[PDB]
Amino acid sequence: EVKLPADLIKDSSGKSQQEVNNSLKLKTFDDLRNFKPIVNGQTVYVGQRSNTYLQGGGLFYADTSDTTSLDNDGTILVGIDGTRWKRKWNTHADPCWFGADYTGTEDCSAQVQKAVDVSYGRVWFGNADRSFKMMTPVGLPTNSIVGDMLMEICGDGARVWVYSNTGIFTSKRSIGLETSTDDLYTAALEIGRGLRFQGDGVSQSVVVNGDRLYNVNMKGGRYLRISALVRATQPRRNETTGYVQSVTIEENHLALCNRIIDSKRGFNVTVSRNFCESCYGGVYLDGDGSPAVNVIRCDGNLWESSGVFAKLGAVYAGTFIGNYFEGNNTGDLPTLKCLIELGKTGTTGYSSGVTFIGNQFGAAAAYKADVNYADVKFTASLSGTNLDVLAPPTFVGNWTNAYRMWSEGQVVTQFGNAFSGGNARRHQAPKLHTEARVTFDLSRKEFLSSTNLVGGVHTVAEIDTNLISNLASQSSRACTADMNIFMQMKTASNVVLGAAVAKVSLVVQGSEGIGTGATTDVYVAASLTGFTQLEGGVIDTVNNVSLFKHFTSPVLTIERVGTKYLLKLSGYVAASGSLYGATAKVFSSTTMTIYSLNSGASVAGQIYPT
């Protein structure tokens, strides 16, 4: 009854109380454009974009100094009075500010593009209540490999439906020139943190256009039914196919994706520590280049119920450390019959420098007995004895239960691998001598003639058995061994006047299987199997001095001293009658080849040269 309208009250600014009250009633963008500020620099809150679009709200301040900026329908809203309202924001741009459909019904790429332009490429898609749909490539601003920008595409749980045969994210400067042979790239991008990229699986969905996006860190994202995380099919620069360059795919959750990388060539590629579940294909870089892949690392990934993890071309400097493979039987795996393909395979070039360490190749039952299956398939270049240029791959400490871990005969060095249900011999690969319980030893010892020369018999070597006797078990002590005793006959000043080499064979055996009366002493029998010496050769062309034949039909004798054995040769006559004087010593470089296999578990025979 007692009612005074607020329009009859005047605020000190000159505007009515009704106009002051109206600044708390700004629900939509249209309400702001129809609102006139009461003071200069006023900040008001707009609730949402429209009555149907519940996102896009925020604070807007009337920039009284700006009378020319255009309305962009997101961060600069121009009122009917001409007031330039500008959104207050110091973080990442939200495509919802510009009207991106958070229900996933319509293509929001144009609105995502608007958020890219005002944020210098730093876009954030919000929480899990939002689901966006992008069907048009969005271009990131141009930033060279040495540029001053850092771009990010991230979120707080939102979902992005992807519809693109080439990549919903690319370089802005390639838009309109998508098929250009020029390097229209942009670099330095973090993408995926807090984002769920998803495809429907019945159409093409590519997230990153690898033709145009270099130096990319893809981490922390979920990818579901995505045809390819990265794709590149555009020839440019020195390449006749598309290629990817400096892409790191790490710590993601991949599921039901057709490919991780889809291209023909790669530079500095990393795909490590990703949880991949039921993916139909991994890293495909199977072009015919020399090489196709310049460095790839695939470490600590999970690859379960999946297809071919990597179908690669020629690979230089490849590493695959600690991957987890379990029950993979889909995608191209039933046809290629391998988890990894390297060069050369078919038209592909030869690989060079690839190392597999600590992988588990847990096979589905179908490939345990498939004679045409190998975990890693390739052809090495072995027609020449020299392997300098095209180094075949090596395998260290891996575990498989498949028919084969690699193509038979294509690997030269491998140790520590496990072939559960199969055998190493089937791979036609060399076995390291260590796994045959063969160990090598060596020593250098000087035998002065004044001490080790009696009646033409010269001591040439000394071995010890004291550590053999120290072993606890009788069955560990015995061993056999070869000896290469390189003898250099020298004067007092170490001038070499002669040279020879002896080949000796040994057997070491003590008490074995004996309780009462057993001893720790172990005995050696030696036999001179070979001998050769130089009988000539000018070593001093000024004074006419030649290497001297010091031994005349030598015979080997050994003598036990304590626990040691002195090996000696007969028929010794020292050189003399020259500028350098007489031979004062025999300097012996002894190298032993010990065969440790005995009745016990000894892997290294403890005989050694002193």
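For every residue, the number given is its place in the sequence shown, counted from 1.
For the two regions 232 to 240 and 294 to 302, the entry's Cα B-factors average higher over 232 to 240.
The mean Cα B-factor in the deposited entry runs higher for 497 to 505 than for the other of 353 to 361 and 497 to 505. In the deposited coordinates, the residue among 71, 262, 94, 435 with the greatest CA B-factor is 71. Considering 489, 374, 216, 224 together, the PDB entry gives 489 the largest C-alpha B factor. Ranked within its chain, residue 273 lands in the lowest third, by CA B factor from the PDB record. When the modelled residues of the chain are ordered by C-alpha B-factor, residue 174 sits in the middle third.
The PDB entry assigns residue 520 a C-alpha temperature factor belonging to the highest third of its chain's modelled residues. In the deposited entry, the Cα temperature factor of residue 289 sits in the middle third of values across the chain's modelled residues. For residue 75, the recorded CA B-factor ranks within the middle third of the chain. Only modelled residues enter the ranking.
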